[PDB]
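Just the one chain here, the form deposited in one PDB entry, laid out as structure tokens.
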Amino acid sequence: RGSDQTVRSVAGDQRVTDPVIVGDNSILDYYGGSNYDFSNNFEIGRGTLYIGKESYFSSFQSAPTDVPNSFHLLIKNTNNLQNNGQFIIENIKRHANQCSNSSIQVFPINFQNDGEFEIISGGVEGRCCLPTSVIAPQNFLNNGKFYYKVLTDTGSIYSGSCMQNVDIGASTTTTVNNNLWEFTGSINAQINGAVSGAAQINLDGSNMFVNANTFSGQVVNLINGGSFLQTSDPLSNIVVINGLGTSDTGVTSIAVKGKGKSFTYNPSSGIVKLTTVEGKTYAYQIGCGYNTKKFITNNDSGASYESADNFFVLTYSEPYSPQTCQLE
């Protein structure tokens, strides 16, 4: 060969009380089990930690394995989770046409992600997969990439009904995002704790709900019909939201809790202001290049977003086409 390489491939349920240490050029493949419970530290180098229903080493053309379609991961009482490599969690049983009985609960005191953290969850067309997924370290520091994808039992993106609720943060936690979040497929990302830093969040067909009172430094990009929704009272900061428009890739939207009273858009500043009947005004930076006459506003029950909250919804009837702002 020439270089070092370690592969640990470990089948079945695991109750892990020792530290999880993955070296550089090393892969630790926990697979097959229905119950995973970790309670000590994680030190992931420039290698891969994989926890999933199918082995990391299985492929598109692999025969099914006789494991239950059930996947429960708990990380709790862990003091430190440090990821410098790839950390993948996947609940999908290949070629199963039932939803996994699945829960993911990630509650380490500290989670520092310097590499890639990816969660892959199954959706099934015609079914309604709604697994439990809570990512709420007391302290979450993302210097790398946090991907959440909902895929079919063969690995294509799932875009159907049953938006999977993914709780990110909690009322006491602190999240700093300094690089990238990307949520792909039928995901309702519930941002339930404070987020600060300087980062991008890509919503590829997904919905993100800003439910907390601190959401700063985060630029949001709406792709393939993704939507930004805010349920908390207006933020002091003007959130940047790119991609509002209508194309054949979908209709993206921006929505604020309540019922619409009015809106104003300044084509020389890029700021749109949405005012609700209760008198709350939400300000967002959507870019210059929009024609005020082509905005559309509606009230929604929430059902279009698989929410129970009423929303005042802003859309735009032509494609996203940003321009540089000019006062003129």
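Here the rigid core means the biggest group of C-alpha atoms that line up within 1.5 Å when the two forms are laid on top of each other. Residues that one form lacks are left out of the comparison. Start at 1 with the first residue shown and count on from there.
Although it is not shown, the form deposited in another entry is what the next lines describe.
Asker: Scan 252, 207, 142, 100 for the one whose CA shifts by 2 Å or more between the shown form and the other one after superposing the rigid core, and name it.
Answerer: Single residue meeting the criterion: 100.
Asker: Classify residue 125 as shifted (yes) or not shifted (no) between the shown form and the other one, where shifted means its C-alpha moves by 2 Å or more with the rigid core superposed.
Answerer: It does shift by 2 Å or more.
Asker: Shorter or longer C-alpha distance for residue 161 and residue 93 in that other deposited form, given it differs from this form by 3 Å or more?
Answerer: Pair moves closer in that other deposited form.
Asker: When the two are fit on their core, where are the runs of 3+ residues whose C-alphas each shift at least 2 angstroms between the shown form and the other one?
Answerer: The segments that shift (3 or more residues, C-alpha shift of 2 Å or more) are 93-101, 125-127, 301-303, 307-309.
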